[PDB]
RNA sequence: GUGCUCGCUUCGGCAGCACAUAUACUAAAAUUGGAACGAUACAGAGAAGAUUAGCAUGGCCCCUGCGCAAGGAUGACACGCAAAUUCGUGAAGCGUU
Ligand SMILES: [Mg+2]
Ligand SMILES: [Mg+2]
Ligand SMILES: [Mg+2]
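In UniProt numbering, the protein residues as written are 213 to 318.
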């Protein structure tokens, strides 16, 4: 059982160290990136997760589910205009992926 | 500072002219931090039973070496409840238009 925010920040230190180490190990396949972004969005610290998805798109910008998770995080957390920018950049850089167009017109 | 002035004009002073023209990470310091093995306890060396040669691979890990040699335990680390987009059948019971 966790007390006040010192032990909470220690738990966050251990988890972020584990995820950043997994990123340093692999630097490829996005399951580490997505899991670390989901863990950061689950604690309502979504600016960390915005940075995570931007780093992961710097790694691999042609991976369409990464775009889908980043835009559905920004739709889910009521940040409409962020997600709107994300879908516009998505349909600009990947114009043949119909997933982005269907979800953005939806 | 020195020299020259048919300078006052004595050997005292003054005037003029000429040459000579910008050192220093400015400390004999005050400070400010990160650091020496190595001792203290703990700690024990990969490969699916055991005993073991190793060669790699990757990078916000270094050490020895002049080394693009070779060593450092195969130098160490890497060991992960390894889940990424997107579902449908058939009957059976219950309530409903
Ligand atoms: Mg070697
Ligand atoms: Mg050996
Ligand atoms: Mg090696």
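Idealized CB from N, CA, C, for every residue including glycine.
Assigned exposure category for residue i - 16 Cβ within 10 Å defines buried
i, result
"residue 219", "exposed"
"residue 244", "buried"
"residue 281", "buried"
"residue 217", "exposed"
"residue 276", "exposed"
"residue 303", "buried"
"residue 232", "exposed"
Contact under 8 Å by Cβ, residue i with residue j
i, j, result
"residue 285", "residue 268", "no"
"residue 248", "residue 264", "yes"
"residue 278", "residue 270", "no"
"residue 299", "residue 316", "yes"
"residue 306", "residue 274", "yes"
"residue 223", "residue 214", "yes"
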